[PDB]
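Below is structure27.pdb, holding PDB, C-alpha atoms.
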MODEL        1
ATOM      1  CA  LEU A   1      21.831  30.793  27.875
ATOM      2  CA  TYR A   2      20.839  27.226  28.975
ATOM      3  CA  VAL A   3      17.654  25.042  28.880
ATOM      4  CA  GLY A   4      16.805  22.481  31.585
ATOM      5  CA  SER A   5      18.766  19.205  32.031
ATOM      6  CA  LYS A   6      15.486  17.213  31.813
ATOM      7  CA  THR A   7      13.023  19.377  29.805
ATOM      8  CA  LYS A   8       9.672  17.913  28.609
ATOM      9  CA  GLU A   9       7.455  19.892  26.186
ATOM     10  CA  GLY A  10       4.276  18.681  24.440
ATOM     11  CA  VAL A  11       4.530  15.144  25.925
ATOM     12  CA  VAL A  12       2.151  12.217  26.548
ATOM     13  CA  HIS A  13       3.308   9.541  29.033
ATOM     14  CA  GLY A  14       1.885   6.251  30.324
ATOM     15  CA  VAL A  15      -1.576   5.867  28.712
ATOM     16  CA  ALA A  16      -3.760   2.738  29.054
ATOM     17  CA  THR A  17      -7.087   2.250  27.177
ATOM     18  CA  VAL A  18      -9.615  -0.597  27.025
ATOM     19  CA  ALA A  19     -12.888  -1.104  25.182
ATOM     20  CA  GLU A  20     -14.129  -4.488  26.530
ATOM     21  CA  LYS A  21     -16.968  -4.103  23.962
ATOM     22  CA  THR A  22     -18.047  -1.108  21.819
ATOM     23  CA  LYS A  23     -20.410  -0.108  19.029
ATOM     24  CA  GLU A  24     -19.790   3.174  17.158
ATOM     25  CA  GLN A  25     -21.735   4.569  14.182
ATOM     26  CA  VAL A  26     -21.098   7.733  12.159
ATOM     27  CA  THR A  27     -23.189   9.213   9.333
ATOM     28  CA  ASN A  28     -21.961  12.402   7.633
ATOM     29  CA  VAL A  29     -23.333  14.368   4.659
ATOM     30  CA  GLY A  30     -21.134  17.225   3.353
ATOM     31  CA  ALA A  31     -16.643  17.003   9.065
ATOM     32  CA  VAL A  32     -16.337  14.325  11.823
ATOM     33  CA  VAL A  33     -13.331  13.619  14.103
ATOM     34  CA  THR A  34     -13.458  10.633  16.545
ATOM     35  CA  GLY A  35     -11.302   8.443  18.833
ATOM     36  CA  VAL A  36      -8.213  10.785  18.789
ATOM     37  CA  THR A  37      -6.107   9.263  21.624
ATOM     38  CA  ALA A  38      -2.679   9.771  23.267
ATOM     39  CA  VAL A  39      -1.475  12.684  21.080
ATOM     40  CA  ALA A  40       1.518  15.013  21.555
ATOM     41  CA  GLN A  41       2.410  18.185  19.603
ATOM     42  CA  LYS A  42       4.908  21.039  19.667
ATOM     43  CA  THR A  43       4.898  23.972  17.175
ATOM     44  CA  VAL A  44       7.365  26.904  16.969
ATOM     45  CA  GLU A  45       6.803  30.210  15.095
ATOM     46  CA  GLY A  46       3.663  28.594  13.548
ATOM     47  CA  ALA A  47       0.109  27.589  14.552
ATOM     48  CA  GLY A  48      -1.103  24.161  15.819
ATOM     49  CA  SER A  49      -4.333  22.100  16.015
ATOM     50  CA  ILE A  50      -5.070  18.487  17.134
ATOM     51  CA  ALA A  51      -8.749  17.684  16.447
ATOM     52  CA  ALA A  52     -10.152  20.264  14.013
ATOM     53  CA  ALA A  53     -13.515  19.828  12.223
ATOM     54  CA  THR A  54     -14.826  22.381   9.647
ATOM     55  CA  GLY A  55     -18.125  21.356   7.996
ATOM     56  CA  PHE A  56     -17.393  23.480   4.899
ATOM     57  CA  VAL A  57     -15.542  26.676   3.870
ATOM     58  CA  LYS A  58     -17.178  28.790   1.074
ATOM     59  CA  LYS A  59     -15.773  32.002  -0.534
TER      60      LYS A  59
ATOM     61  CA  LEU B   1      23.873  28.824  24.001
ATOM     62  CA  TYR B   2      22.951  25.251  25.146
ATOM     63  CA  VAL B   3      19.801  23.017  25.107
ATOM     64  CA  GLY B   4      19.025  20.468  27.845
ATOM     65  CA  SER B   5      21.043  17.228  28.300
ATOM     66  CA  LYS B   6      17.793  15.181  28.137
ATOM     67  CA  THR B   7      15.274  17.287  26.137
ATOM     68  CA  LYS B   8      11.934  15.757  24.992
ATOM     69  CA  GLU B   9       9.659  17.676  22.575
ATOM     70  CA  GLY B  10       6.480  16.398  20.877
ATOM     71  CA  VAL B  11       6.808  12.880  22.392
ATOM     72  CA  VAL B  12       4.483   9.921  23.069
ATOM     73  CA  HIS B  13       5.710   7.289  25.566
ATOM     74  CA  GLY B  14       4.355   3.989  26.905
ATOM     75  CA  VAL B  15       0.884   3.533  25.336
ATOM     76  CA  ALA B  16      -1.245   0.373  25.731
ATOM     77  CA  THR B  17      -4.584  -0.187  23.895
ATOM     78  CA  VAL B  18      -7.067  -3.075  23.799
ATOM     79  CA  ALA B  19     -10.352  -3.653  21.998
ATOM     80  CA  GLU B  20     -11.523  -7.042  23.391
ATOM     81  CA  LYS B  21     -14.396  -6.728  20.851
ATOM     82  CA  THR B  22     -15.548  -3.771  18.694
ATOM     83  CA  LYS B  23     -17.956  -2.836  15.920
ATOM     84  CA  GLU B  24     -17.410   0.438  14.012
ATOM     85  CA  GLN B  25     -19.411   1.772  11.044
ATOM     86  CA  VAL B  26     -18.848   4.926   8.984
ATOM     87  CA  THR B  27     -20.993   6.346   6.169
ATOM     88  CA  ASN B  28     -19.836   9.536   4.424
ATOM     89  CA  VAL B  29     -21.273  11.452   1.448
ATOM     90  CA  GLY B  30     -19.134  14.330   0.091
ATOM     91  CA  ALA B  31     -14.578  14.236   5.754
ATOM     92  CA  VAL B  32     -14.197  11.590   8.533
ATOM     93  CA  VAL B  33     -11.156  10.954  10.786
ATOM     94  CA  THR B  34     -11.207   7.991  13.257
ATOM     95  CA  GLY B  35      -8.991   5.857  15.541
ATOM     96  CA  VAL B  36      -5.941   8.249  15.441
ATOM     97  CA  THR B  37      -3.779   6.787  18.266
ATOM     98  CA  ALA B  38      -0.342   7.366  19.865
ATOM     99  CA  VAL B  39       0.790  10.278  17.638
ATOM    100  CA  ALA B  40       3.749  12.659  18.057
ATOM    101  CA  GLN B  41       4.570  15.827  16.066
ATOM    102  CA  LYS B  42       7.022  18.720  16.076
ATOM    103  CA  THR B  43       6.936  21.629  13.556
ATOM    104  CA  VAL B  44       9.352  24.597  13.295
ATOM    105  CA  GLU B  45       8.717  27.877  11.396
ATOM    106  CA  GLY B  46       5.586  26.195   9.899
ATOM    107  CA  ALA B  47       2.060  25.143  10.952
ATOM    108  CA  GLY B  48       0.917  21.708  12.265
ATOM    109  CA  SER B  49      -2.275  19.597  12.517
ATOM    110  CA  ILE B  50      -2.942  15.984  13.678
ATOM    111  CA  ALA B  51      -6.614  15.116  13.040
ATOM    112  CA  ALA B  52      -8.085  17.650  10.597
ATOM    113  CA  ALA B  53     -11.461  17.141   8.850
ATOM    114  CA  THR B  54     -12.841  19.648   6.265
ATOM    115  CA  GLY B  55     -16.142  18.553   4.661
ATOM    116  CA  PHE B  56     -15.478  20.660   1.536
ATOM    117  CA  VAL B  57     -13.691  23.876   0.455
ATOM    118  CA  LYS B  58     -15.392  25.936  -2.342
ATOM    119  CA  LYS B  59     -14.057  29.155  -3.996
TER     120      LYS B  59
ATOM    121  CA  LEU C   1      25.866  26.757  20.176
ATOM    122  CA  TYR C   2      25.009  23.185  21.371
ATOM    123  CA  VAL C   3      21.894  20.902  21.388
ATOM    124  CA  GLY C   4      21.183  18.374  24.163
ATOM    125  CA  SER C   5      23.254  15.171  24.635
ATOM    126  CA  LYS C   6      20.034  13.074  24.528
ATOM    127  CA  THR C   7      17.464  15.117  22.529
ATOM    128  CA  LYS C   8      14.137  13.524  21.435
ATOM    129  CA  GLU C   9      11.809  15.380  19.019
ATOM    130  CA  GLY C  10       8.634  14.035  17.366
ATOM    131  CA  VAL C  11       9.030  10.540  18.919
ATOM    132  CA  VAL C  12       6.758   7.554  19.652
ATOM    133  CA  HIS C  13       8.050   4.970  22.166
ATOM    134  CA  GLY C  14       6.758   1.665  23.556
ATOM    135  CA  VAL C  15       3.279   1.139  22.027
ATOM    136  CA  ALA C  16       1.202  -2.049  22.479
ATOM    137  CA  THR C  17      -2.146  -2.680  20.683
ATOM    138  CA  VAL C  18      -4.586  -5.606  20.644
ATOM    139  CA  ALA C  19      -7.879  -6.254  18.882
ATOM    140  CA  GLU C  20      -8.984  -9.645  20.326
ATOM    141  CA  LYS C  21     -11.886  -9.403  17.811
ATOM    142  CA  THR C  22     -13.104  -6.489  15.632
ATOM    143  CA  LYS C  23     -15.553  -5.623  12.871
ATOM    144  CA  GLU C  24     -15.076  -2.364  10.920
ATOM    145  CA  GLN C  25     -17.125  -1.094   7.959
ATOM    146  CA  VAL C  26     -16.630   2.044   5.857
ATOM    147  CA  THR C  27     -18.824   3.398   3.046
ATOM    148  CA  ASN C  28     -17.732   6.585   1.254
ATOM    149  CA  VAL C  29     -19.227   8.445  -1.730
ATOM    150  CA  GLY C  30     -17.146  11.339  -3.140
ATOM    151  CA  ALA C  31     -12.534  11.380   2.478
ATOM    152  CA  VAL C  32     -12.086   8.772   5.283
ATOM    153  CA  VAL C  33      -9.014   8.209   7.513
ATOM    154  CA  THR C  34      -8.996   5.273  10.019
ATOM    155  CA  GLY C  35      -6.725   3.200  12.305
ATOM    156  CA  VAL C  36      -3.713   5.635  12.147
ATOM    157  CA  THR C  37      -1.502   4.240  14.967
ATOM    158  CA  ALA C  38       1.940   4.890  16.526
ATOM    159  CA  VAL C  39       3.007   7.792  14.254
ATOM    160  CA  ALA C  40       5.934  10.222  14.617
ATOM    161  CA  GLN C  41       6.686  13.378  12.582
ATOM    162  CA  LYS C  42       9.093  16.309  12.534
ATOM    163  CA  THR C  43       8.939  19.186   9.982
ATOM    164  CA  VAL C  44      11.307  22.189   9.663
ATOM    165  CA  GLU C  45      10.604  25.435   7.733
ATOM    166  CA  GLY C  46       7.485  23.689   6.288
ATOM    167  CA  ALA C  47       3.985  22.596   7.386
ATOM    168  CA  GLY C  48       2.908  19.160   8.750
ATOM    169  CA  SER C  49      -0.250  17.004   9.058
ATOM    170  CA  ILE C  50      -0.850  13.394  10.266
ATOM    171  CA  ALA C  51      -4.515  12.463   9.675
ATOM    172  CA  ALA C  52      -6.048  14.947   7.218
ATOM    173  CA  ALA C  53      -9.432  14.367   5.510
ATOM    174  CA  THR C  54     -10.876  16.823   2.910
ATOM    175  CA  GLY C  55     -14.174  15.660   1.351
ATOM    176  CA  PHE C  56     -13.573  17.740  -1.804
ATOM    177  CA  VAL C  57     -11.845  20.969  -2.939
ATOM    178  CA  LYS C  58     -13.605  22.971  -5.743
ATOM    179  CA  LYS C  59     -12.335  26.191  -7.446
TER     180      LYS C  59
ATOM    181  CA  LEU D   1      27.919  24.747  16.302
ATOM    182  CA  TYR D   2      27.129  21.174  17.538
ATOM    183  CA  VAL D   3      24.046  18.847  17.612
ATOM    184  CA  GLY D   4      23.404  16.334  20.418
ATOM    185  CA  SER D   5      25.526  13.165  20.893
ATOM    186  CA  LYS D   6      22.336  11.021  20.842
ATOM    187  CA  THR D   7      19.714  13.010  18.857
ATOM    188  CA  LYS D   8      16.397  11.360  17.816
ATOM    189  CA  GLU D   9      14.015  13.162  15.411
ATOM    190  CA  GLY D  10      10.840  11.756  13.808
ATOM    191  CA  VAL D  11      11.304   8.281  15.385
ATOM    192  CA  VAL D  12       9.084   5.270  16.172
ATOM    193  CA  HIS D  13      10.441   2.726  18.694
ATOM    194  CA  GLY D  14       9.214  -0.584  20.128
ATOM    195  CA  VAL D  15       5.725  -1.173  18.644
ATOM    196  CA  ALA D  16       3.699  -4.386  19.149
ATOM    197  CA  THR D  17       0.340  -5.080  17.398
ATOM    198  CA  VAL D  18      -2.057  -8.041  17.414
ATOM    199  CA  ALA D  19      -5.362  -8.751  15.696
ATOM    200  CA  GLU D  20      -6.401 -12.145  17.183
ATOM    201  CA  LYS D  21      -9.336 -11.967  14.700
ATOM    202  CA  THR D  22     -10.620  -9.090  12.510
ATOM    203  CA  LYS D  23     -13.113  -8.283   9.771
ATOM    204  CA  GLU D  24     -12.705  -5.036   7.786
ATOM    205  CA  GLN D  25     -14.808  -3.822   4.837
ATOM    206  CA  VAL D  26     -14.382  -0.695   2.703
ATOM    207  CA  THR D  27     -16.628   0.603  -0.093
ATOM    208  CA  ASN D  28     -15.603   3.788  -1.926
ATOM    209  CA  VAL D  29     -17.158   5.599  -4.908
ATOM    210  CA  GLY D  30     -15.136   8.511  -6.369
ATOM    211  CA  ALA D  31     -10.460   8.667  -0.806
ATOM    212  CA  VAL D  32      -9.942   6.091   2.017
ATOM    213  CA  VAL D  33      -6.836   5.592   4.215
ATOM    214  CA  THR D  34      -6.748   2.679   6.746
ATOM    215  CA  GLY D  35      -4.420   0.659   9.023
ATOM    216  CA  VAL D  36      -1.446   3.136   8.808
ATOM    217  CA  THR D  37       0.818   1.797  11.615
ATOM    218  CA  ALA D  38       4.269   2.509  13.126
ATOM    219  CA  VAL D  39       5.267   5.406  10.817
ATOM    220  CA  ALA D  40       8.163   7.881  11.124
ATOM    221  CA  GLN D  41       8.846  11.029   9.053
ATOM    222  CA  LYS D  42      11.210  13.993   8.950
ATOM    223  CA  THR D  43      10.985  16.845   6.376
ATOM    224  CA  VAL D  44      13.306  19.878   6.002
ATOM    225  CA  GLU D  45      12.534  23.096   4.052
ATOM    226  CA  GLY D  46       9.424  21.293   2.659
ATOM    227  CA  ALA D  47       5.953  20.160   3.809
ATOM    228  CA  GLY D  48       4.942  16.722   5.215
ATOM    229  CA  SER D  49       1.818  14.524   5.579
ATOM    230  CA  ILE D  50       1.284  10.917   6.826
ATOM    231  CA  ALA D  51      -2.374   9.929   6.287
ATOM    232  CA  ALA D  52      -3.970  12.368   3.826
ATOM    233  CA  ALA D  53      -7.366  11.726   2.164
ATOM    234  CA  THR D  54      -8.875  14.137  -0.442
ATOM    235  CA  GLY D  55     -12.174  12.913  -1.951
ATOM    236  CA  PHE D  56     -11.640  14.973  -5.131
ATOM    237  CA  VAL D  57      -9.972  18.216  -6.315
ATOM    238  CA  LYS D  58     -11.793  20.168  -9.115
ATOM    239  CA  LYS D  59     -10.590  23.390 -10.861
TER     240      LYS D  59
ATOM    241  CA  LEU E   1      29.925  22.726  12.456
ATOM    242  CA  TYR E   2      29.200  19.155  13.738
ATOM    243  CA  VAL E   3      26.155  16.783  13.869
ATOM    244  CA  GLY E   4      25.580  14.291  16.709
ATOM    245  CA  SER E   5      27.755  11.159  17.195
ATOM    246  CA  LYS E   6      24.597   8.968  17.201
ATOM    247  CA  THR E   7      21.925  10.896  15.222
ATOM    248  CA  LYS E   8      18.622   9.185  14.234
ATOM    249  CA  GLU E   9      16.189  10.925  11.835
ATOM    250  CA  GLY E  10      13.018   9.455  10.280
ATOM    251  CA  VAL E  11      13.551   6.004  11.890
ATOM    252  CA  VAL E  12      11.385   2.969  12.733
ATOM    253  CA  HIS E  13      12.807   0.473  15.267
ATOM    254  CA  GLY E  14      11.644  -2.839  16.749
ATOM    255  CA  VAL E  15       8.149  -3.497  15.308
ATOM    256  CA  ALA E  16       6.178  -6.733  15.868
ATOM    257  CA  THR E  17       2.812  -7.497  14.161
ATOM    258  CA  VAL E  18       0.460 -10.493  14.234
ATOM    259  CA  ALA E  19      -2.851 -11.272  12.559
ATOM    260  CA  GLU E  20      -3.824 -14.663  14.092
ATOM    261  CA  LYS E  21      -6.787 -14.556  11.639
ATOM    262  CA  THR E  22      -8.137 -11.723   9.433
ATOM    263  CA  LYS E  23     -10.671 -10.983   6.712
ATOM    264  CA  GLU E  24     -10.333  -7.751   4.688
ATOM    265  CA  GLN E  25     -12.484  -6.601   1.750
ATOM    266  CA  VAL E  26     -12.128  -3.492  -0.422
ATOM    267  CA  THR E  27     -14.423  -2.259  -3.209
ATOM    268  CA  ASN E  28     -13.465   0.924  -5.086
ATOM    269  CA  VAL E  29     -15.079   2.679  -8.070
ATOM    270  CA  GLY E  30     -13.116   5.604  -9.582
ATOM    271  CA  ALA E  31      -8.385   5.890  -4.072
ATOM    272  CA  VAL E  32      -7.799   3.352  -1.227
ATOM    273  CA  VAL E  33      -4.662   2.924   0.943
ATOM    274  CA  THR E  34      -4.503   0.040   3.503
ATOM    275  CA  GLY E  35      -2.122  -1.920   5.777
ATOM    276  CA  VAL E  36       0.813   0.598   5.504
ATOM    277  CA  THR E  37       3.125  -0.676   8.300
ATOM    278  CA  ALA E  38       6.580   0.103   9.768
ATOM    279  CA  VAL E  39       7.511   2.990   7.418
ATOM    280  CA  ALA E  40      10.372   5.511   7.667
ATOM    281  CA  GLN E  41      10.987   8.647   5.555
ATOM    282  CA  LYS E  42      13.304  11.644   5.396
ATOM    283  CA  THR E  43      13.009  14.465   2.794
ATOM    284  CA  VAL E  44      15.280  17.528   2.364
ATOM    285  CA  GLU E  45      14.439  20.714   0.388
ATOM    286  CA  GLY E  46      11.342  18.849  -0.953
ATOM    287  CA  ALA E  47       7.901  17.677   0.246
ATOM    288  CA  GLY E  48       6.956  14.239   1.699
ATOM    289  CA  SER E  49       3.871  11.998   2.120
ATOM    290  CA  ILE E  50       3.403   8.398   3.410
ATOM    291  CA  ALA E  51      -0.245   7.349   2.921
ATOM    292  CA  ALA E  52      -1.904   9.737   0.451
ATOM    293  CA  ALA E  53      -5.306   9.027  -1.168
ATOM    294  CA  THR E  54      -6.878  11.386  -3.782
ATOM    295  CA  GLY E  55     -10.175  10.097  -5.243
ATOM    296  CA  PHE E  56      -9.705  12.131  -8.450
ATOM    297  CA  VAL E  57      -8.099  15.386  -9.686
ATOM    298  CA  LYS E  58      -9.978  17.280 -12.487
ATOM    299  CA  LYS E  59      -8.841  20.501 -14.281
TER     300      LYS E  59
ENDMDL
END

How does the structure come out when it is put into C-alpha cells?
Amino acid sequence: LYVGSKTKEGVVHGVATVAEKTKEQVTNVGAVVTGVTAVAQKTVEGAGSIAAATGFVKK
Amino acid sequence: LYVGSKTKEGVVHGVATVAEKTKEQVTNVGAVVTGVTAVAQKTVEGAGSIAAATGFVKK
Amino acid sequence: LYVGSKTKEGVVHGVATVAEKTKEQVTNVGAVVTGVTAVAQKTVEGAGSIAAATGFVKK
Amino acid sequence: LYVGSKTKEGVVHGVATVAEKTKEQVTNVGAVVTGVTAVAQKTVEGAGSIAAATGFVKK
Amino acid sequence: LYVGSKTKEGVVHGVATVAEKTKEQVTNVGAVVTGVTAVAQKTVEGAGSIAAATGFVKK
C-alpha cells in the first residue's frame, strides 16, 4: 500500500491580493464572517468548516 | 504501508497581500470574524473550523 | 509502516503583507476577531479552531 | 514503524509584514482579539485554538 | 519505532516585521488581546490556546 510521490491535499498555492483603497462597515446585533482569504484545511474521521456563521442557537 | 515522498496536507504557500489604503469599522452588540488570511489546518480523529461565528448559544 | 521523506502537514510558507496606510475601528458591547494572519495548526485525536467568535454562552 | 526524514507539522515559514503607517482603535464593554500574526501550533490527544473570543459565559 | 531525522513540530521560522509609524488605542471595561506575533506551541495529552479572550465567566 503506497500513496503518491508528490501528493497535495487541502492546499492553497500562489495567491496575490490588493485593495488599492477600501471602506468596509459592519453592524451586528445578537454572526458575521468577512475577508476570509487564502485558507487550506484537511480533516480525517471528523467534520470540517471554514467560514461558518450561526446567528444564535436556542434549546 | 508507505506515504508519499513529498506529501503536502493542509498547506498554504506563497501568499502576497497589500492594502495601499483601507478603512474598516465594526460595531457589535451581544460574534464578528474579519481579516482571517493565509491559514492552514489539519485535524485527525477530531473536528476542525477556521472562521466560526456564533452570535449566542442559549440552553 | 513509513511516512513520507518530505511530509508537510498544517503549514504556512512564504507570506508577504503590506498596509501602506490603514485605519481600523472596533466597538464591542458584550466577541470580535480581526487581522489573524499567516497561521498554521495541526491537531490529533482532538478538535481544532483558528478564528472562533462566540458572542455569549448562557445555560 | 518510521516517520519521515524531513517531517514538518504545524509550521510557519518565511513571513514578512509591513505597516508603513496605521491607526487602530478598539473599544470593548464586557472579548476582542487582534493582530495575531505568524502563529504555529500542534496538539496531540487534546484540543487546540489560536484566536478564540467569547464575549461572556454564564451558568 | 523511529521518528524522522529532521522533524519539525509547532515551529515558526524566519519572520520579519516593520511598523514605520503606528498609532494604537485600546479601551476596555470589564478581555482584549493584541499584537501577538511569531508564536510557536506544542501540547501533548493536554489542550492548547494562543490568543484567547473571554469577556467574563459567571457561575

Practice task
May I ask for the distance between CA of residue 5 in chain D and CA of residue 2 in chain B, given in Å to one decimal place?
Solution key: 13.1 Å

With all Cα atoms paired residue by residue, do a least-squares superposition of chain D on chain B and hand back the transformed coordinates as a PDB file with C-alpha atoms, keeping the file's coordinate frame.
ATOM      1  CA  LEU D   1      23.873  28.824  24.000  1.00  0.00           C
ATOM      2  CA  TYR D   2      22.952  25.252  25.145  1.00  0.00           C
ATOM      3  CA  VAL D   3      19.801  23.016  25.106  1.00  0.00           C
ATOM      4  CA  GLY D   4      19.025  20.468  27.845  1.00  0.00           C
ATOM      5  CA  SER D   5      21.043  17.229  28.300  1.00  0.00           C
ATOM      6  CA  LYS D   6      17.793  15.182  28.137  1.00  0.00           C
ATOM      7  CA  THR D   7      15.274  17.287  26.138  1.00  0.00           C
ATOM      8  CA  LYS D   8      11.934  15.757  24.993  1.00  0.00           C
ATOM      9  CA  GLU D   9       9.659  17.677  22.576  1.00  0.00           C
ATOM     10  CA  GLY D  10       6.480  16.398  20.877  1.00  0.00           C
ATOM     11  CA  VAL D  11       6.807  12.880  22.391  1.00  0.00           C
ATOM     12  CA  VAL D  12       4.483   9.921  23.069  1.00  0.00           C
ATOM     13  CA  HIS D  13       5.710   7.288  25.566  1.00  0.00           C
ATOM     14  CA  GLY D  14       4.356   3.988  26.905  1.00  0.00           C
ATOM     15  CA  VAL D  15       0.884   3.533  25.335  1.00  0.00           C
ATOM     16  CA  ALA D  16      -1.245   0.372  25.731  1.00  0.00           C
ATOM     17  CA  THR D  17      -4.584  -0.187  23.895  1.00  0.00           C
ATOM     18  CA  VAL D  18      -7.067  -3.075  23.799  1.00  0.00           C
ATOM     19  CA  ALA D  19     -10.353  -3.652  21.997  1.00  0.00           C
ATOM     20  CA  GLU D  20     -11.523  -7.043  23.391  1.00  0.00           C
ATOM     21  CA  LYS D  21     -14.397  -6.728  20.851  1.00  0.00           C
ATOM     22  CA  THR D  22     -15.548  -3.771  18.694  1.00  0.00           C
ATOM     23  CA  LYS D  23     -17.956  -2.836  15.920  1.00  0.00           C
ATOM     24  CA  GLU D  24     -17.410   0.437  14.011  1.00  0.00           C
ATOM     25  CA  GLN D  25     -19.411   1.772  11.044  1.00  0.00           C
ATOM     26  CA  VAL D  26     -18.848   4.927   8.985  1.00  0.00           C
ATOM     27  CA  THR D  27     -20.993   6.346   6.169  1.00  0.00           C
ATOM     28  CA  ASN D  28     -19.836   9.536   4.424  1.00  0.00           C
ATOM     29  CA  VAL D  29     -21.272  11.451   1.448  1.00  0.00           C
ATOM     30  CA  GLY D  30     -19.134  14.331   0.091  1.00  0.00           C
ATOM     31  CA  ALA D  31     -14.578  14.236   5.754  1.00  0.00           C
ATOM     32  CA  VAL D  32     -14.197  11.590   8.533  1.00  0.00           C
ATOM     33  CA  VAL D  33     -11.156  10.955  10.786  1.00  0.00           C
ATOM     34  CA  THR D  34     -11.208   7.991  13.258  1.00  0.00           C
ATOM     35  CA  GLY D  35      -8.990   5.857  15.541  1.00  0.00           C
ATOM     36  CA  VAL D  36      -5.941   8.249  15.441  1.00  0.00           C
ATOM     37  CA  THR D  37      -3.779   6.787  18.267  1.00  0.00           C
ATOM     38  CA  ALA D  38      -0.343   7.366  19.865  1.00  0.00           C
ATOM     39  CA  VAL D  39       0.790  10.278  17.638  1.00  0.00           C
ATOM     40  CA  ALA D  40       3.750  12.659  18.057  1.00  0.00           C
ATOM     41  CA  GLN D  41       4.569  15.826  16.067  1.00  0.00           C
ATOM     42  CA  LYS D  42       7.021  18.720  16.075  1.00  0.00           C
ATOM     43  CA  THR D  43       6.936  21.629  13.556  1.00  0.00           C
ATOM     44  CA  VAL D  44       9.352  24.598  13.294  1.00  0.00           C
ATOM     45  CA  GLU D  45       8.717  27.876  11.395  1.00  0.00           C
ATOM     46  CA  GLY D  46       5.587  26.194   9.900  1.00  0.00           C
ATOM     47  CA  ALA D  47       2.060  25.142  10.952  1.00  0.00           C
ATOM     48  CA  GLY D  48       0.918  21.708  12.265  1.00  0.00           C
ATOM     49  CA  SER D  49      -2.276  19.597  12.517  1.00  0.00           C
ATOM     50  CA  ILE D  50      -2.942  15.983  13.678  1.00  0.00           C
ATOM     51  CA  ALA D  51      -6.615  15.115  13.041  1.00  0.00           C
ATOM     52  CA  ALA D  52      -8.085  17.650  10.598  1.00  0.00           C
ATOM     53  CA  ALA D  53     -11.461  17.142   8.851  1.00  0.00           C
ATOM     54  CA  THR D  54     -12.842  19.649   6.264  1.00  0.00           C
ATOM     55  CA  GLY D  55     -16.141  18.553   4.661  1.00  0.00           C
ATOM     56  CA  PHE D  56     -15.478  20.660   1.536  1.00  0.00           C
ATOM     57  CA  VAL D  57     -13.690  23.875   0.455  1.00  0.00           C
ATOM     58  CA  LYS D  58     -15.392  25.936  -2.342  1.00  0.00           C
ATOM     59  CA  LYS D  59     -14.057  29.155  -3.996  1.00  0.00           C
TER      60      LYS D  59
END

Exercise for the section: Please evaluate the PyMOL selection byres ((chain A and resi 30) around 10) against the displayed coordinates and give the resulting residues as an NGL selection string. Expected result: (:A and (28-29 or 31 or 55-56)) or (:B and (28-31 or 54-56)) or (:C and (30 or 55-56))

Practice task
List the residues matched by the PyMOL selection byres ((chain A and resi 41) around 9) in the displayed structure as a VMD selection string, ordered by chain and then by residue number.
Solution key: (chain A and resid 9 to 11 39 to 40 42 to 43 48 to 50) or (chain B and resid 9 to 11 39 to 43 48 to 50) or (chain C and resid 10)

Exercise for the section: Specify as a PyMOL selection string each residue included when the PyMOL selection byres ((chain A and resi 26) around 7) is applied to this file. Expected result: (chain A and resi 24-25+27-28) or (chain B and resi 25-27)

Practice task
Kindly give the distance, in Å, that separates CA of residue 19 in chain A and CA of residue 18 in chain B, rounded to a single decimal.
Solution key: 6.3 Å

Completion exercise
Separating CA of residue 15 in chain D from CA of residue 20 in chain E, to the nearest tenth of an Å, is a gap of 17.1 Å
